Structures are given as structure tokens and as C-alpha cells.
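First up is the structure itself, then whatever we jot down about it.
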Amino acid sequence: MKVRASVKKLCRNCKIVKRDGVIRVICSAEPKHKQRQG
Amino acid sequence: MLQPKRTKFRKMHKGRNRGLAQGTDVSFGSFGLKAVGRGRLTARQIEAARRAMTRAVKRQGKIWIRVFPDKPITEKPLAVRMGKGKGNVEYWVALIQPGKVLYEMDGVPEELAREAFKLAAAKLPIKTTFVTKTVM
Amino acid sequence: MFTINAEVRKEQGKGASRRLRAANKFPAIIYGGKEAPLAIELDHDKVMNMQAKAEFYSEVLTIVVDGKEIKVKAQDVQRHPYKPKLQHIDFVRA
Amino acid sequence: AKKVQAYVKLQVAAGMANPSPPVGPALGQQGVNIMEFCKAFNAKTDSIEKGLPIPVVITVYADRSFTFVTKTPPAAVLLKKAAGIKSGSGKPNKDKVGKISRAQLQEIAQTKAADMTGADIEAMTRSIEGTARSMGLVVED
RNA sequence: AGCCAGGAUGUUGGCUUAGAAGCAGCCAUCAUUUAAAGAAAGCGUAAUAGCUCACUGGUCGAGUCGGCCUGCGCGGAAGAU
Ligand SMILES: [Mg+2]
Ligand SMILES: [Zn+2]
């Protein structure tokens with residue numbers, strides 16, 4: 001989990017999703033890409 | 001870093017930075033990085049943004065720096081009391097008012113210039129916007 | 001072929017003009033030719049969309065004030081310093 | 001017909017016999033071994049052409065008797081004798097190195113009668129023309 | 001947007017390169033069959049092998065896409081009795 005103030009789609013398979021008031025990036029492809037805003 | 005080759009005087013009053021800008025239109029290239037905010041650009045910031053743009057376009061097209069840092073900024077050193085003369089000139093700034101076109105660029109496609117200006121904007125302390133050359 | 005619908009404005013000056021631009025209009029002026037200049041108010045978004053075209057700055061425009069057509073040319077434009085808006089246009093009678 | 005079972009497209013000069021070294025490990029890895037082209041490839045090399053590489057299919061079987069059906073040597077090789085030049089690229093556009101006619105390219109095309117699924121003489125003609133204007137010799141018309 | 005097929009031929013275009021046929025990298029960036037297929041975008045391969053994509057036909061039967069201008073909000077946001 002990359003906890004960043006700037007969360008971004010790092011590739012085509014990334015998706016922004018808002019869960020419980022937190023902007024997250026979930027990537028089906030690359031688990032490195034998963035991010036949390038914080 | 002950019003700085004005047006000579007100045008009449010070494011040191012300037014702080015002054016104020018009121019007002020809107022003058023160099024507001026893209027006048028040399030096709031695209032510009034306009035300043036939405038108000039502040040001062042150091043010579044180091046201007047250079048950092050210039051390196052970012054130039055590297056982004058890969059020595060293609062051409063870049064104009066519409067702002068020149070001509071104002072010397074003094075600082076006092078650490079552990080120095082408040083009086084006893086104005087501080088020494090440490091760096092140079094361009095004052096930037098809203099509307100100032102900071103950089104211009106052409107010879108590139110608009111998407112590439114948008115990317116290059118985004119990188120440069122990330123180097124800079126003021127909010128910017130991408131503008132296009134305007135017919136009149 | 002650009003047709004611009006305008007209203008003659010009674011209020012003029014900085015307060016009236018800022019009030020116009022707050023109401024999403026903006027002032028303009030028609031001068032040139034033999035008649036007295038005509039201070040008008042323009043709907044900002046329509047004219048902004050129109051002037052997005054280079055023909056707007058090349059062609060003769062038509063401005064309809066009091067249902068009356070005036071053939072003009074956009075001869076000067078004042079823009080917002082940083083916002084994509086228009087402050088003013090000078091129209092010269094074409 | 002049958003589904004495409006397994007195949008590799010790697011083939012070398014035909015006239016020289018037992019072309020094992022220039023291919024080597026690619027073909028003798030899954031289904032078809034070494035000494036089964038010093039005759040069969042040669043039993044099909046003679047009746048077509050000697051001394052120029054000829055690509056072929058290798059559709060392998062569990063039954064170890066793979067079917068081969070060959071194609072006429074491509075324009076990848078042929079457009080060397082007719083133009084009289086060996087070199088292709090390197091400086092195709094900086095200063096032209098090769099010269100061919102349209103008629104000789106048309107000739108190289110006609111010899112490839114069934115070499116691909118084409119119904120129009122002019123279609124294959126401009127196909128070979130494109131091949132030539134690609135590699136770097138200007139066709140002369 | 002899903003789902004069903006394709007996603008090609010000349011071609012391995014090439015030049016190169018310790019190894020690059022689509023990818024250390026440099027050009028041309030053309031033609032054919034085409035309803036549609038890039039001289040190939042990501043991977044991936046020792047270059048090839050290969051997963052896709054760009055693009056098009058069917059099912060689907062109303063919207064759909066992402067830019068700008070703005071209101072309010074969200075994260076960014078850790079301290080000591
Ligand atoms: Mg006032
Ligand atoms: Zn991702």
C-alpha cells in the first residue's frame with residue numbers, strides 16, 4: 001500500500017475508488033499500484 | 001540561474017506586489033504557462049521549471065522565458081541581530097502577478113506542451129494555467 | 001455571419017461594468033464610421049463561444065441592438081488577465 | 001483440414017544440403033528431429049529451385065510424420081537477383097542504393113502464382129511494388 | 001460499457017545490435033485483402049516465441065464521453081496534565 005497525499009492511476013488497470021471516505025487506487029494488474037490517500 | 005548582468009544598485013526595497021500582470025498574452029510562441037497566482041519566482045525556480053520543460057520536449061520547438069528575475073532579495077544570516085544594515089543579496093526574483101505569461105513554447109504539439117508545462121508548473125510556487133496564442 | 005444580440009446600456013463606469021460581468025454579461029463599444037459610439041452589453045458566454053473562432057476576428061459581425069442590425073468588426077478585445085473570460089470588445093463599424 | 005497443431009517458421013538456404021547449423025535448436029525441440037530434411041526437403045528442393053532459401057511450414061504430428069507444404073521464396077530474398085544488387089537498407093533514402101524495374105518485380109510476382117491468396121494481377125503487382133519501395137530500392141517505371 | 005469473432009498479408013520492411021522480426025535504438029509511418037487489423041502501445045521473448053490492445057461485424061436498445069466555468073464538501077491533517 002502506497003499511502004500518499006497524491007493518489008493516481010499508475011496504469012490502465014488502476015481504478016480510483018472511494019471507500020469509507022478514503023480515495024484508493026486498486027489495481028487488478030499490479031499490487032504495487034494500490035494506493036491510499038493519507 | 002538568471003540574474004541581471006549589472007544592476008544600478010545592489011539592494012532594493014521590498015516593495016509590494018499589488019496589481020495584475022502586463023505580459024499577459026502569448027506573444028512569441030503558440031502556448032504559454034500563465035500565472036494565475038501572485039508571488040515571486042526565484043531564479044532557481046525559473047531554472048528548475050525551464051529544465052523540466054526543455055527535457056520534456058526533448059530539445060524540440062522553442063521556449064521563451066517571459067519573466068526575468070531582476071529583484072535582489074536580501075537575507076540576514078543566522079544569529080544576526082535585527083539592525084546594522086540591510087542584509088546581503090542572496091537570490092533574485094521576478095515578481096509575478098496574476099496573468100503573467102511566464103513561459104512560452106512553440107514548435108511542439110499542444111498535448112506535448114501541456115505535459116511540459118505541467119512538469120514546469122510542478123516546479124513553481126504559484127498556481128499556473130495553460131494558455132494558447134490568441135488571435136487578437 | 002456571426003450574429004450578436006446586444007443591449008444599449010445606461011449604466012457606465014467601473015461599478016456598472018463589474019456589475020455586468022458579475023451577471024455573466026460584459027460591456028462592449030461600437031465606434032467608427034460617422035455615428036456616435038454606442039455602449040452595449042453582451043452576453044458573455046455566447047460571445048465567448050463565438051470568438052473562439054478565428055472568423056470572429058476576421059469576418060464582419062452583426063450586432064443587433066434594439067432589433068437593429070449593425071455591421072461591425074471586432075477590432076480590440078480586453079480579456080481577463082488569467083481567466084478565460086472577456087472584459088470588453090471594441091467593435092468598429094464595418 | 002486440421003487445426004494448427006504446432007509449427008515454426010525458420011528456414012535457410014536451400015541449395016546447400018543438411019541445413020542444420022543455421023537453424024539448429026528451434027525445430028529439433030518439440031516434434032521433428034534433425035535427419036528428416038536431408039531427403040524430404042531435398043526431394044522438394046530440386047523440383048522447384050536450388051541455391052536460394054525457401055521457407056516451409058512444419059505442422060508436426062504425434063505420428064512423427066509432419067506434413068510440409070512449401071511456398072515460393074519470398075520477396076524477402078528474391079529481389080536480389082533481378083535488381084542485380086545485394087544491399088537493401090542502410091541508406092535507402094539518404095542516397096538510393098538499389099534499382100529495379102516494374103517488369104522484373106512483376107516477374108518475381110508471377111513466379112509466385114499461388115504464393116498467397118490473391119485474385120488480381122495488379123494487386124500483387126503493387127504489393128511487390130510496395131515491398132520494393134519499402135526495403136530501399138526505387139522501382140524504375 | 002459489457003458479451004460473441006477477428007485483430008491479417010508484402011513483412012522477417014528495414015537499418016542496427018553482446019540479443020532486437022513490434023519495442024538498446026535510427027528511418028521510412030507504404031501497398032494488398034479488407035467489415036477491420038499500428039510497419040505496433042503495453043506487457044512478454046534469449047530477438048524470435050506469446051497475452052492483449054488500436055481497429056471492424058453481431059447481441060444489446062438510450063443515451064454516452066471528457067474537457068472548462070463555477071457552489072459547497074473530501075483527503076493532504078502528527079504533541080505532549
Ligand atoms: Mg469602487
Ligand atoms: Zn495499476
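Lettering of chains follows the sequences in order, A, B, ..., and the numbering in each one begins at 1.
When the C1' atom of E:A41 is taken as reference, atom CG of A:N13 falls 13 Å away, rounded to whole Å. Atoms NZ (C:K46) and P (E:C68) sit 24 Å apart, rounded to a whole Å. Rounded to whole angstrom, the span from the CD atom of B:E111 across to the P atom of E:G66 amounts to 19 Å. For C:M48 and E:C69, the CE to P distance is 9 Å, given to the nearest whole Å. Rounded to whole Å, atom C1' of E:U70 lies 13 Å from atom NE2 of C:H80. The nearest whole Å value for the distance from the OH atom in C:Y82 to the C1' atom in E:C68 is 16 Å. Here E:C68 presents its P atom at 16 Å from NE2 of C:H44, a figure rounded to the nearest Å. Taking atom CZ on A:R4 and atom P on E:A77, their separation rounds to 14 Å, with Å as the unit.
Between D:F66 and D:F68, the ring-plane angle classifies as tilted under the 30° and 60° cut-offs. Ring geometry for B:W64 against B:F28 counts as parallel: the plane angle stays under 30°, on a 0 to 90° scale with 60° as the upper cut.
For E:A40, the sign convention on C1'-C2'-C3'-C4' gives a south pucker, since the angle is negative. Pucker check on E:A77: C1'-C2'-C3'-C4' negative, sugar south. Judged by the sign of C1'-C2'-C3'-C4', E:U11 carries a south-puckered sugar. For E:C68, the torsion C1'-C2'-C3'-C4' is below zero, which places the sugar in the south, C2'-endo range. Sugar pucker of E:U56: north, since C1'-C2'-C3'-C4' comes out positive.
Here, E:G10 and E:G22 have their P atoms 11 Å apart, quoted to the whole Å. Rounded to a whole angstrom, the distance from the P atom of E:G14 to that of E:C23 is 12 Å. Atom P of E:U16 sits at a distance of 25 Å from the matching atom of E:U9, rounded to the whole Å. E:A35 and E:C27 have their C1' atoms separated by 33 Å, with the value rounded to a whole Å. With both ends at atom P, the span from E:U52 to E:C4 equals 12 Å, rounded to whole Å. For the P atoms, the distance linking E:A36 with E:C43 amounts to 30 Å, nearest Å. The same atom, P, is picked in E:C26 and in E:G71; the two are 47 Å apart, to the nearest Å. E:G42 sits 27 Å from E:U64 when the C1' atoms are compared, rounded to a whole Å.
Between D:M116 and A:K18, the residue anchored nearer the 5' end of RNA chain E, judged by the nucleotide with its closest heavy atom, is D:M116. Along RNA chain E, the nucleotide nearest to D:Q11 and the one nearest to D:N93 differ in position, and the one closer to the 5' end is contacted by D:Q11.
With a 5.5 Å centre cut-off and a 30° plane cut-off, the bases of E:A40 and E:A41 come out unstacked. Consecutive residues E:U16 and E:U17 stack, with base ring centres under 5.5 Å apart and planes meeting at under 30°. Without both a ring-centre distance below 5.5 Å and an interplanar angle below 30°, E:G22 is not stacked on E:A21.
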Return the polar atom pairs (N/O with N/O) between nucleotides 32-35 of chain E and the protein under 3.5 Å, or none.
{"residue": "E:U32", "atom": "OP1", "partner": "D:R126", "partner atom": "NH1", "Å": "3.1"}
{"residue": "E:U33", "atom": "OP1", "partner": "D:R126", "partner atom": "NH2", "Å": "3.4"}

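In this structure E:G25 sits in a base pair with E:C15, meeting the Watson-Crick or G-U test at under 3.5 Å. Under the Watson-Crick and G-U wobble criteria, each requiring two contacts below 3.5 Å, nucleotide E:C30 is paired to E:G10. Nucleotide E:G38 forms a pair with E:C53, judged by Watson-Crick or G-U wobble geometry with both contacts under 3.5 Å.
Taking only side-chain nitrogens and oxygens, C:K83 comes nearer than 4.0 Å to OP1 or OP2 of E:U70.
Across all strands shown, D:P74 has heavy atoms under 4.0 Å from sugar-phosphate atoms exclusively, and none from any base. Note on D:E129: nothing from the nucleic acid sits closer than 4.0 angstrom, heavy atoms only. Within 4.0 Å (heavy atoms only), C:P84 reaches sugar-phosphate atoms of the nucleic acid but no base atom.
For the side chain to side chain donor-acceptor pair (under 3.5 Å) test, no residue two or more places apart in sequence or in another chain qualifies with D:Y7. When the salt bridge (charged side-chain N to carboxylate O under 4.0 Å, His left out) test is applied to B:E111, no partner is found at least two apart in sequence or on another chain.
In this structure, a donor-acceptor pair under 3.5 Å is absent between the side chains of A:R4 and A:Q37. A donor-acceptor contact under 3.5 angstrom links the side chains of B:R50 and B:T54, judged on distance only.
In this structure, the nucleotide among E:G50, E:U11, E:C53 sitting nearest to the side chain of D:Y7 is E:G50. In this structure, of E:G14, E:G10, E:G50, it is E:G14 that holds the atom nearest to the side chain of D:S89. Of the candidates E:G14, E:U48, E:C68, E:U48 carries the atom nearest the D:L10 side chain, counting heavy atoms from C-beta on.
Its glycosidic angle being within 90° of 0, E:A37 falls on the syn side. In E:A39 the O4'-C1'-N dihedral to the base is within 90° of 0, which defines a syn nucleotide.
The base of E:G50 engages E:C43 as a Watson-Crick or G-U wobble partner, both distances under 3.5 Å.
Just one residue in the list C:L38, C:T3, C:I40 forms a side chain to side chain contact (heavy atoms under 4.5 Å, CB included) with C:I63, and that residue is C:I40.
Side-chain atoms of A:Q35 never come within 3.5 Å of backbone atoms of A:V7 as a donor-acceptor pair (strictly under, hydrogens ignored).
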Check the pair B:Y103, B:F117 against ring-ring contact (aromatic ring centres under 6.0 Å, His included), reporting the backbone distance first and the verdict last. CA-CA 8 Å; B:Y103 302 87; B:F117 280 155; 7.0 Å; no

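A salt bridge between B:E104 and B:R66 is present, with a side-chain N of the basic residue lying under 4.0 Å from a carboxylate O of the acidic one. Electrostatic pairing of C:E7 and C:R9 does not count as a salt bridge here, judged by no charged N lying under 4.0 Å from a carboxylate O.
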